[PDB]
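The residues making up each chain are set out below.
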There are 2 protein chains.
Amino acid sequence: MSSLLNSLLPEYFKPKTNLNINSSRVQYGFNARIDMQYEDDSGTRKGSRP
Amino acid sequence: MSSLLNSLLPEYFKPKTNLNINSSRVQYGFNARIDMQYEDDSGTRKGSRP
């Protein structure tokens, strides 16, 4: 059933037809922007991985 | 004039009669609590001298 397996894919994922696989290992994932924060009695230390 | 020289003294200063001076040098002043702060894009670093 193509229909039920299609709904499992994420909303942001827009797939194309061809995929040129040339190896026996693939790292599928996503890139996200994490805005980390460390608060303490002394003060706050902010970080950001884009 | 005792009156005009009396008004120059601070409000918190409550003087007593006797002062036992035993040297040719005196460091008059006051003790205060300073709450310092350093803010920056990275974060805030707070200090306190009581």
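Residues numbered from 1 in each chain as written, not as in the entry; some residues may be left out. Chains lettered and ligands numbered in written order. Part of a larger assembly, values for the part shown. Heavy atoms only, no water.

Chain A is annotated in the PDB entry as Major capsid protein of Saccharomyces cerevisiae virus L-BC. Here the PDB entry title reads "Empty capsid of Saccharomyces cerevisiae virus L-BCLa".

Draft legend 1. Representation of the pattern of salt bridges in the model. Residues and elements named next belong to chain A. Across all of its chains, the model carries 2 salt bridges over all chains by this definition. Between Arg-33 and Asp-35 there is a salt bridge whose closest N-O contact spans 3.5 Å. Given the relative accessible area of 55%, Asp-35 is considered exposed. (Salt bridge = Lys/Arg side-chain N within 4 Å of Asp/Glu carboxyl O. Buried < 20%, exposed > 50% of the residue type's maximum accessible area, 1.4 Å probe, protein only.)

Draft legend 2. Seen up close, the relation of the copies chain A and chain B. Note on the identical chains: chain A maps onto chain B by a rotation of 180 degrees and an axial translation of 0.0 Å, with an RMSD of 0.0 Å. Such a combination of rotation and displacement between the chain copies is what one expects of a two-fold axis. Residue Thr44(A), judged by its C-alpha, is the member of chain A lying nearest the rotation axis, at 2.6 Å. When the interface residues of chain A are mapped onto chain B, 100% of them are again interface residues, pointing to one common binding face. (Least-squares fit on C-alpha atoms. Contact = heavy atoms within 4.5 Å.)

Draft legend 3. Spotlight on the interface of chain A and chain B. The interface of chain A with chain B comprises 6 residues on the first partner and 6 residues on the second. When chain A packs against chain B, close to 390 Å² is buried across both sides, 32% of that on carbon and sulfur atoms. At the surface where chain A touches chain B, the tally comes to 0 salt bridges. For the pair chain A and chain B, the number of links is 3 residue pairs in polar contact. (Buried area = accessible area lost by both parts, 1.4 Å probe. Polar contact = N/O pair within 3.5 Å; in protein donor to acceptor, adjacent residues only side chain to side chain.)

Draft legend 4. Layout of the pairing of strand β2 (residues 43–46) of chain A. Bridging between strand β1 (residues 37–38) of chain A and β2(A) involves 2 bridges; their strand directions are antiparallel. Across the sheet, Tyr38(A) pairs through a bridge with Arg45(A), a residue of β2(A). If you look at the hairpin formed by β1(A) and β2(A), you'll find 4 residues sitting between the two strands. Note: β2(A) against strand β2 (residues 43–46) of chain B, 3 bridges, orientation antiparallel. By the bridge assignment for β2(B), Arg45(A) is matched with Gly43(B). (Pairing = 2+ DSSP bridges. Helix = DSSP H or I, 4+ residues; strand = E, 2+ residues; numbered from the N terminus.)

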